[PDB]
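Protein chains in written order, with my numbering: chain V, 15 to 554; chain X, 15 to 554.
Here is the structure we will look at.
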Ligand SMILES: *[C@@H]1O[C@H](CO)[C@@H](O)[C@H](O)[C@H]1NC(C)=O
Ligand SMILES: *[C@@H]1O[C@H](CO)[C@@H](O)[C@H](O)[C@H]1NC(C)=O
Ligand SMILES: *[C@@H]1O[C@H](CO)[C@@H](O)[C@H](O)[C@H]1NC(C)=O
Ligand SMILES: *[C@@H]1O[C@H](CO)[C@@H](O)[C@H](O)[C@H]1NC(C)=O
Ligand SMILES: *[C@@H]1O[C@H](CO)[C@@H](O)[C@H](O)[C@H]1NC(C)=O
Ligand SMILES: *[C@@H]1O[C@H](CO)[C@@H](O)[C@H](O)[C@H]1NC(C)=O
Ligand SMILES: *[C@@H]1O[C@H](CO)[C@@H](O)[C@H](O)[C@H]1NC(C)=O
Ligand SMILES: *[C@@H]1O[C@H](CO)[C@@H](O)[C@H](O)[C@H]1NC(C)=O
Ligand SMILES: *[C@@H]1O[C@H](CO)[C@@H](O)[C@H](O)[C@H]1NC(C)=O
Ligand SMILES: *[C@@H]1O[C@H](CO)[C@@H](O)[C@H](O)[C@H]1NC(C)=O
Ligand SMILES: *[C@@H]1O[C@H](CO)[C@@H](O)[C@H](O)[C@H]1NC(C)=O
Ligand SMILES: *[C@@H]1O[C@H](CO)[C@@H](O)[C@H](O)[C@H]1NC(C)=O
Ligand SMILES: *[C@@H]1O[C@H](CO)[C@@H](O)[C@H](O)[C@H]1NC(C)=O
Ligand SMILES: *[C@@H]1O[C@H](CO)[C@@H](O)[C@H](O)[C@H]1NC(C)=O
Ligand SMILES: *[C@@H]1O[C@H](CO)[C@@H](O)[C@H](O)[C@H]1NC(C)=O
Ligand SMILES: *[C@@H]1O[C@H](CO)[C@@H](O)[C@H](O)[C@H]1NC(C)=O
Ligand SMILES: *[C@@H]1O[C@H](CO)[C@@H](O)[C@H](O)[C@H]1NC(C)=O
Ligand SMILES: *[C@@H]1O[C@H](CO)[C@@H](O)[C@H](O)[C@H]1NC(C)=O
Ligand SMILES: *[C@H]1O[C@H](CO)[C@@H](O)[C@H](O)[C@H]1NC(C)=O
Ligand SMILES: *[C@H]1O[C@H](CO)[C@@H](O)[C@H](O)[C@H]1NC(C)=O
Ligand SMILES: *[C@H]1O[C@H](CO)[C@@H](O)[C@H](O)[C@H]1NC(C)=O
Ligand SMILES: *[C@H]1O[C@H](CO)[C@@H](O)[C@H](O)[C@H]1NC(C)=O
Ligand SMILES: *[C@H]1O[C@H](CO)[C@@H](O)[C@H](O)[C@H]1NC(C)=O
Ligand SMILES: *[C@H]1O[C@H](CO)[C@@H](O)[C@H](O)[C@H]1NC(C)=O
Ligand SMILES: *[C@H]1O[C@H](CO)[C@@H](O)[C@H](O)[C@H]1NC(C)=O
Ligand SMILES: *[C@H]1O[C@H](CO)[C@@H](O)[C@H](O)[C@H]1NC(C)=O
Ligand SMILES: *[C@H]1O[C@H](CO)[C@@H](O)[C@H](O)[C@H]1NC(C)=O
Ligand SMILES: *[C@H]1O[C@H](CO)[C@@H](O)[C@H](O)[C@H]1NC(C)=O
Ligand SMILES: *[C@H]1O[C@H](CO)[C@@H](O)[C@H](O)[C@H]1NC(C)=O
Ligand SMILES: *[C@H]1O[C@H](CO)[C@@H](O)[C@H](O)[C@H]1NC(C)=O
Ligand SMILES: [Ca+2]
Ligand SMILES: [Ca+2]
Ligand SMILES: [Ca+2]
Ligand SMILES: [Ca+2]
Ligand SMILES: [Ca+2]
Ligand SMILES: [Ca+2]
Ligand SMILES: [Ca+2]
Ligand SMILES: [Ca+2]
Ligand SMILES: [Ca+2]
Ligand SMILES: [Ca+2]
Ligand SMILES: [Ca+2]
Ligand SMILES: [Ca+2]
Ligand SMILES: [Ca+2]
Ligand SMILES: [Ca+2]
Ligand SMILES: [Ca+2]
Ligand SMILES: [Ca+2]
Ligand SMILES: [Ca+2]
Ligand SMILES: [Ca+2]
Ligand SMILES: [Ca+2]
Ligand SMILES: [Ca+2]
Ligand SMILES: [Ca+2]
Ligand SMILES: [Ca+2]
Ligand SMILES: [Ca+2]
Ligand SMILES: [Ca+2]
């Protein structure tokens, strides 16, 4: 058909109501009276009564103002019946479009936006982002397009133009330079959005930016030069602690100190760090020792764990140390294999005039010499002059003496001012003299009767050679009660044989030898005889 | 509903016909085939067939070109029935608006406009007014708004820009200066009107302006100096006529002449004007007279009835007159009570030597003296010398003479060259002489007998005093036939009485008187007597 165009109507209209929109006519009215009515939402349906028609003229009206924001369009159905009561025309659809008007102010997405950036970054860096909206049209008008802006950053210091915002997108960026967490950490700037691309109505928001941290700062010592005293030897011990103040953020690696000495003399120092006021705690690496050095001039520089965000001054601490003195024990010089001395020494004679030395050249402390180790008592010391003399009777020949030795240990004490011990061994070579003289091996025989065979006997000397070289056998009172002497060819033994057919048991034979001579006297080597033929038998 | 918008269509469209306008669909076609038709003016109604629809597709078309000027809009009704034959949708109204196109040239209201203005008016004066129209739109386009103009005034002289026209209203006004009915009275200018405020199409008209008249001109004489001759006395008469030429419009007061003399000597001149060539007709106010003046130098200026529309030169006419001569009658000087003359004058004696005078000093014309009035013939005149002598017998005493007078009139005639009369009266004092003498009153008595009483008688003189002073009575032959004389005391009468006793009737008495003397003789005063006693009785 020839339909009927949609009807545009403005919003928030205002004048004298009613307002005729249009007029409709059924031509089938030649016959009876026609009754015009109309139906739909806004008609008889909810919102009832916005539009109504004059049953007799065919006029359509808007009865009151409208807000497209509420309902932006309506569709209606129109009718025409006869007085008799019958419909005449197939109904007719009707449309109305509600044209937008700038009745709406915009509104920010949130009531407050927050942001953050680091202090050392470069100009032209994107920080935050902000939103807002207008409910009016924005597809055929500007009643709903906004334009963003900024008008007041607080801390109007260092300067007041650190940022800008993209008018269309509302994004903010760092424009200037001079950000420092250490002086001004959080800005509060006021934003506004406007109707018709900055032309219409405006509103406010608030965005707040916190500033991350940077290693803008270096560490600073609170003393620059310290001093402490120290002892030579127990040690590995705490000398002095140090103080400092970095200014970036505390629990952070831009706040933790790292040290080191420049030069470690004997490399006898270690230094650690501590999460207190991360003071510098210095200590001794390997004890000290001395009388060698009293002075210690060393320097320690301090850094952070992480590198610096800028060239900065490295700052050292210069420190002086002094070693207190402890006084140590003295010592005999050697451990003496000294005196190759003979057995004939006169009880009270100079053996070893000895001396001991003591470390501490503070030496105005003497000591006393004491002896100590010990198989039995011979020797003697002058305690205030360390003089070892030889008292007593010695005898290389016999008991304690093991290999050609006699080892003895002695002491010495550090007095004068405190304490001390000195353990020193002393081996002294004893010597030989020909003391003893020759002696027979077996002392009792068992001779036989009829024809006894030679009674083997031998010789032994306690002395050391030559002193036991060859012999000379001799038979004293009974050199004839019949007894005849004899030597083995290979030196050592002697052959003892009677020369008479003598008696039934129990009787001695006086013996007498010599080796350089010395002559011993020996003696009786008794002789038990019991009935027989010729071989030395078990007796009775 | 969701109707269907009006359809705009251009006018004088042109391309390949048909032209689809729009397509309609009934959705109730799920069931049968639907048949699309359409109705109305331009459809099935007159203009039939401008639009038609394709029963099966639902397309609407314009079949041929259109002229909004003919029909600027159409309304149509669309239908849709089922094959079975039933309608499905309530019909649908359809509208088409025909948009204007500049197909129309404008046209002047009239084929020729006329106008008129007066020559002396000022620049910036509204004269005519002109109209014209275009039939195309003029409420949303310029297809129908005109712009007026002018492009050719004829008589491109004095200059060619006497006027302008208001482009929007088409009114014309005088812009320049130099209008003269007398040289260029009617302009013919060509006008044009145009489409789109002078932009589109144009056409022509014609406006013609006549120029009213003004008193631009003054009157001019055709002679500047005239002359005429004239006679002394019959008069009030036409001397000379005058000619002139004003140049404005003829039957008009800017063409009628008005005159006047500058100086009217004795105020004896009048001059009128005449609707001929309104010549100046001069005449004589009160006759002239003379021998007093021959010359007349006078001037007459000429104006118009209505003042002048500009300073102009007043132009006079200087004129000379000459008076011809007529010769008049002579006159005795006075009218004479002249001659106190006596009665004794000698017949033929000088009474009044008189003279008369005649006007015209051209005097070489004499006259003749004649007498004329008349009781009887005494006097006489010398006609060629006017001398009145006295012939005859006169007599103061008696007949014609009334009071002491005698009046006579005489004449004199102007000859020599033409004609003349002179009536002059003449009274002449006559005088007294003592002519007559005394005389008795009654001449006949009636006396009585016995004793007659005195017969009274009296006296009378024809003379004038002293000449009749007192008397002297005398009785002649019968101074005694008995008669005795007597005078009255108071002079006049006389007492007559007998002295004898005398006779019976019929007889006279001779009487005789005197007054200076003169002596009269009188006479007989007869006396009739009849019988009696004493009183004068009636007789017998
Ligand atoms: C930003 O927020 C802080 C915290 O309240 C406030 O003190 C400051 O004034 C605001 N503006 C700036 C530029 O710091
Ligand atoms: C020396 O060492 C001591 C240790 O107690 C310290 O207090 C002092 O500051 C250091 N410097 C000097 C000059 O004494
Ligand atoms: C670190 O020590 C320096 C030296 O006096 C001082 O100026 C600074 O304030 C200290 N740091 C802090 C956080 O106090
Ligand atoms: C202190 O500094 C030294 C030197 O680098 C380092 O070895 C040590 O680990 C540090 N102490 C601490 C607790 O970090
Ligand atoms: C530390 O060493 C320096 C370098 O010679 C010296 O001046 C200072 O006296 C020493 N000790 C102290 C107490 O500073
Ligand atoms: C000698 O030195 C040895 C070796 O240590 C030791 O066993 C002995 O007791 C010391 N004295 C003697 C008498 O041998
Ligand atoms: C010296 O050392 C000895 C070791 O035999 C010890 O018994 C003694 O106590 C020390 N003497 C002193 C005075 O400290
Ligand atoms: C020295 O005396 C000390 C103290 O008893 C002892 O420990 C040590 O064994 C002794 N010997 C030597 C050779 O120092
Ligand atoms: C040997 O025997 C004799 C005889 O009785 C006896 O006197 C002696 O003591 C024994 N031994 C020695 C070495 O004399
Ligand atoms: C005006 O009309 C007269 C009369 O026909 C004509 O003679 C004349 O040429 C026209 N134009 C002017 C300027 O007189
Ligand atoms: C004189 O008057 C006569 C009258 O007939 C006239 O014709 C003439 O122009 C006038 N002027 C002169 C100088 O004659
Ligand atoms: C009027 O008289 C003057 C004088 O000759 C002449 O120039 C003028 O043309 C006359 N007027 C007319 C209409 O002829
Ligand atoms: C001619 O002029 C005289 C002088 O004003 C005037 O009185 C007279 O009426 C005029 N004649 C006519 C016919 O207008
Ligand atoms: C008119 O009067 C003038 C003025 O004196 C004179 O010149 C003239 O002759 C007179 N008559 C005539 C004929 O112009
Ligand atoms: C005299 O004059 C008178 C007065 O007019 C006149 O009547 C009379 O006729 C004249 N003549 C005489 C004789 O009186
Ligand atoms: C003169 O006047 C007389 C009047 O009495 C008249 O009769 C006569 O005609 C006149 N004479 C002449 C010559 O005109
Ligand atoms: C003079 O004569 C004339 C001509 O008849 C007459 O009319 C008139 O009366 C006479 N008388 C006088 C006094 O002029
Ligand atoms: C008087 O009478 C006488 C007598 O008859 C007579 O003759 C006479 O004529 C009369 N009158 C006069 C005047 O004489
Ligand atoms: C020093 O002592 C610390 C504590 O035991 C140890 O961990 C470190 O290895 C030593 N040396 C150094 C150079 O720190
Ligand atoms: C000082 O030395 C440290 C390393 O010990 C270094 O990191 C720092 O950059 C140095 N100072 C300067 C100004 O380069
Ligand atoms: C510490 O002090 C000493 C002496 O003044 C100097 O040699 C050393 O360089 C100093 N360290 C610093 C960082 O100044
Ligand atoms: C530490 O500081 C001292 C003195 O200021 C300087 O001479 C030395 O070079 C510094 N050490 C380092 C490693 O920077
Ligand atoms: C004594 O000192 C010596 C060094 O000559 C050593 O060999 C020996 O072991 C020491 N003996 C003791 C018990 O100290
Ligand atoms: C005695 O001398 C030997 C040879 O020098 C030696 O090796 C040994 O130790 C010493 N003492 C003993 C009991 O062998
Ligand atoms: C002159 O004669 C005319 C004609 O009768 C008259 O109307 C007018 O009043 C007279 N006087 C003047 C000054 O025109
Ligand atoms: C000449 O006189 C007339 C009146 O007689 C007057 O209207 C005219 O304006 C005068 N001429 C001039 C140039 O004024
Ligand atoms: C007419 O002519 C006479 C003599 O020339 C002169 O006096 C008079 O002014 C003239 N009038 C005019 C208008 O020239
Ligand atoms: C008429 O013209 C004469 C001469 O041109 C002039 O002298 C006179 O003033 C004029 N008269 C008037 C009334 O203008
Ligand atoms: C004659 O003239 C006289 C003037 O003296 C006049 O009184 C009288 O009327 C005249 N008589 C006649 C008839 O003219
Ligand atoms: C005569 O004289 C008288 C007086 O002067 C005069 O008045 C009269 O007119 C004269 N005539 C008559 C008839 O009275
Ligand atoms: Ca709204
Ligand atoms: Ca809106
Ligand atoms: Ca808005
Ligand atoms: Ca910083
Ligand atoms: Ca730092
Ligand atoms: Ca920092
Ligand atoms: Ca030491
Ligand atoms: Ca020491
Ligand atoms: Ca010591
Ligand atoms: Ca020995
Ligand atoms: Ca020995
Ligand atoms: Ca020996
Ligand atoms: Ca047309
Ligand atoms: Ca048109
Ligand atoms: Ca047009
Ligand atoms: Ca003119
Ligand atoms: Ca004029
Ligand atoms: Ca004129
Ligand atoms: Ca005269
Ligand atoms: Ca004359
Ligand atoms: Ca005359
Ligand atoms: Ca007389
Ligand atoms: Ca007389
Ligand atoms: Ca007389």
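Yeah, the Cβ is synthetic: ideal placement off N, Cα and C, and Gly gets one too.
The Cβ-Cβ distance between residue 227/X and residue 260/X does not fall below 7 Å. At a cut-off of 7 Å, the C-beta of residue 17/X has a neighbouring C-beta in chain V.
Contact between residue 116/V and residue 15/V fails: their C-beta atoms lie close to 38 Å from each other, not under 8 Å. Per the coordinates, the alpha-carbon of residue 121/X lies some 22 Å from the alpha-carbon of residue 187/X. For the set 380/V, 389/V, 468/V, 191/V, the Cα lying nearest the Cα of residue 400/V is the one of 380/V. Sixteen is the threshold: since fewer than 16 other Cβ atoms of the shown chains lie within 10 Å of the Cβ of residue 483/X, the residue is exposed. Under DSSP, residue 511/V takes part in a beta bridge, and its partners are 498/V. Close partners of residue 109/V in chain X (Cβ separation under 8 Å): 15, 16, 17. Distance from the C-beta of residue 15/X to the nearest heavy atom of ligand 32 is not below 6 Å.
Ranked by Cα distance from residue 532/V, the first of 342/V, 257/V, 476/V is 476/V. By alpha-carbon distance to residue 145/V, the top candidate from 139/V, 173/V, 113/V, 181/V is 181/V. Here DSSP, grouped into helix, strand and coil, assigns residue 212/X to helix.
Proximity of the beta carbon of residue 225/V to ligand 1 is not indicated: no heavy atom of the ligand is located closer than 6 Å. For residue 504/V and residue 471/V, the gap between their C-alpha atoms comes out near 14 Å. Per DSSP, the continuous beta strand (DSSP E) segment holding residue 222/X begins and ends at 221–226. For residue 43/V, the secondary structure class from DSSP, reduced to helix, strand or coil, is helix. Measuring C-alpha to C-alpha distances from residue 536/X to each of 524/X, 52/X, 231/X, 530/X identifies 524/X as the nearest.
Here residue 548/X is exposed. Its C-beta has fewer than 16 other C-beta atoms within 10 Å. Contact with chain V is absent for residue 70/X, since none of that chain's Cβ atoms lies less than 7 Å from the residue's Cβ. If you check each beta-carbon in the segment 83–108 of chain V against every beta-carbon of chain X, the ones closer than 9 Å belong to 89, 90, 91, 92, 94, 101, 102, 103, 104, 105, 106, 107, 108. The beta carbon of residue 225/X does not come within 7 Å of any beta carbon belonging to chain V, so the residue lies off that interface. Per DSSP, the beta bridge partners of residue 34/V are 75/V.
Inter-residue distance for residue 37/X and residue 203/X is about 58 Å (C-alpha atoms, whole angstroms).
Comparing alpha-carbon positions, the option among 33/X, 485/X, 46/X lying closest to residue 68/X turns out to be 33/X.
For residue 113/X, no Cβ of chain V is located within less than 7 Å of the residue's own Cβ. Every residue whose Cβ sits closer than 6 Å to any heavy atom of ligand 25 is listed here in chain order: 284/X, 286/X. Classified as buried, residue 487/X has 16 or more neighbouring CB atoms from the shown chains inside 10 Å of its CB.
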